Amino acid sequence: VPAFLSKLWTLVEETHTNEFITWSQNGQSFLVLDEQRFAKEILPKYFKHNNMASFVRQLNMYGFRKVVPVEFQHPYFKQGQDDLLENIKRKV
Amino acid sequence: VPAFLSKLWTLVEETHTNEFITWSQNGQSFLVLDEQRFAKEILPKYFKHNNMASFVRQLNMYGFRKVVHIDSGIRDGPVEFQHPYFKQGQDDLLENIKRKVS
Amino acid sequence: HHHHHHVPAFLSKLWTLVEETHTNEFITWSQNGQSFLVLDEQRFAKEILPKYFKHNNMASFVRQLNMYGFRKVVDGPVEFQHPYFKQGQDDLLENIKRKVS
DNA sequence: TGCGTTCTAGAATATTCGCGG
DNA sequence: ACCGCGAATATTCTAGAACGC
Ligand code: NA
Ligand code: NA
Ligand code: NA
């Protein structure tokens with residue numbers, strides 16, 4: 001599993017980040033509750049940038065889609081099912 | 001068991017090196033906690049060099065893989081390596097680790 | 001503060017690192033201007049690299065050097081050379097090419 | 001024939017920028 | 001500003017290759 005996916009799983013799963021990024025209620029998507037604080041305070045703790053656009057570029061590269069707080073989903077990104085991450089293949 | 005693996009086992013297992021190189025908390029991988037001091041103060045006591053890169057090349061020659069460190073963005077952090085046959089309390093598995101041949 | 005806008009960031013930053021005097025404690029031209037020296041690989045990687053790049057790994061700095069065609073000149077300084085990386089000849093930087101595998 | 005050290009390269013992922021809309 | 005996406009470069013991790021023993 002590439003670093004982006006395992007870090008993203010950790011971010012969403014960990015409760016100590018839940019003020020800015022968390023599973024949706026049913027566990028099928030994740031929410032960014034405060035984009036600006038997420039990008040300025042959380043992104044540089046796990047990635048080499050503080051740029052929401054570079055996070056979103058990676059979401060696109062891994063096939064995530066925005067859901068109509070911002071919400072993203074991937075069929076193989078589900079609460080309690082980290083074994084499924086191996087199914088997610090980055091775009092070339 | 002070639003010298004690299006027995007020396008690596010002793011390095012990880014020994015408590016007195018644990019500031020530099022230690023089992024991870026699950027015992028399925030090992031950590032190098034201070035890469036610079038490990039390379040300059042530990043490596044040349046066990047090997048003919050003081051270069052982390054030459055240690056790392058050997059780790060990969062023996063089939064070890066680097067573990068992603070989750071909380072690494074932006075006092076250097078740990079580096080973690082794992083091998084299915086390098087496990088705390090299971091030194092009987094070391095004989096199964098065969099170096100790649102060039 | 002690097003400033004060679006016409007070449008990739010790595011070469012512009014490398015030129016500034018070598019040329020600027022306040023970094024000469026870490027990285028500087030060799031005496032004849034034909035190569036550059038990293039004087040203390042440990043201090044350079046920990047104190048200088050993350051001020052200019054998104055990492056503090058000598059190996060990733062060296063990967064870039066080789067990718068742009070630099071060769072190591074074979075404890076102490078490490079020395080790297082490129083025919084087109086030369087003191088007083090910044091017009092040659094744009095002849096340095098990034099290798100493609 | 002195999003192991004150790006060094007230097008360089010392959011390939012994948014990661015970050016940024018810019019384009020058209 | 002967004003949004004999807006191509007492209008250039010950066011960074012990481014592993015491997016190739018030369019050479020000594
Ligand atoms: Na969370
Ligand atoms: Na130890
Ligand atoms: Na300098």
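First the proteins, then the strands, lettered A, B, ... as listed; each starts at 1. Only this structure's heavy atoms are used, side chains among them; waters, hydrogens and symmetry mates stay out.
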For the residue pair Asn51(A) and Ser54(A), confirm or rule out a side-chain donor-acceptor distance under 3.5 Å.
yes
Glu41(C) CD - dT6(D) P separation (whole Å)
11 Å
Does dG4(D) have OP1 or OP2 sitting under 4.0 Å from an N or O in the side chain of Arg99(B)?
yes
How would you label the contact of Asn60(A) with the nucleic acid (heavy atoms, under 4.0 Å): base, sugar-phosphate, or nothing?
sugar-phosphate
If the plane angle is over 60° it's perpendicular, under 30° parallel, otherwise tilted; pick one for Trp23(A) and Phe77(A).
tilted
When the nearest nucleotide of DNA chain D is assigned to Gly69(C) and to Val92(A) on a heavy-atom basis, which residue is associated with the more 5' position?
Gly69(C)
So, OP1 or OP2 of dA9(D): does either fall under 4.0 Å of a side-chain N or O from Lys99(C)?
yes
Which whole-number value in Å describes the distance from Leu8(B) CG to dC3(D) P?
16 Å
Atom-pair distance (NE2 on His2(C); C1' on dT9(E)), nearest Å
13 Å
Once you round it to whole Å, what is the distance between P of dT6(D) and CD of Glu79(C)?
18 Å
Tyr85(B) OH: over 12 foreign heavy atoms closer than 6.0 Å:
no
Can you list everything that forms a side-chain contact (heavy atoms from CB on, under 4.5 Å) with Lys45(A)? Sequence neighbours excluded, please.
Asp71(B)
Summary of protein contacts for nucleotides 14-21 of chain D, nucleotide by nucleotide, where a base hit scores B, a sugar-phosphate-only hit scores S (4.0 Å, heavy atoms)
BBB-----
Whole-Å distance between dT11(E) P and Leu65(C) CG?
12 Å
Rounded distance (Å) that lies between atom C1' of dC13(E) and atom CE of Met58(C):
18 Å
Could you label the plane-to-plane angle of the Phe53(C) and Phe61(C) rings as parallel, tilted or perpendicular, counting under 30° as parallel and over 60° as perpendicular?
tilted
Nearest whole angstrom, please: distance from the P of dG4(E) to the CZ of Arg65(A).
8 Å
Any salt bridge linking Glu19(A) with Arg37(A)? Criterion: basic side-chain nitrogen under 4.0 Å from a carboxylate oxygen.
no
Interatomic distance, NZ@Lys48(A) vs NE2@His55(C), rounded to 0.5 Å, equals 7.5 Å
Please report the distance, rounded to the nearest Å, between CD in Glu94(C) and P in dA8(E).
18 Å
Taking N or O atoms only and anything under 3.5 Å, show me the protein contacts with nucleotides 18-21 of chain E, one pair per line.
none

Write down the atom of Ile70(B), the atom of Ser6(A), and the distance for their closest heavy-atom approach.
CD1-OG, 3.6 Å
Just how far is it from atom CE of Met58(C) to atom CG of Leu65(C), taken to the nearest 0.5 Å?
7.0 Å
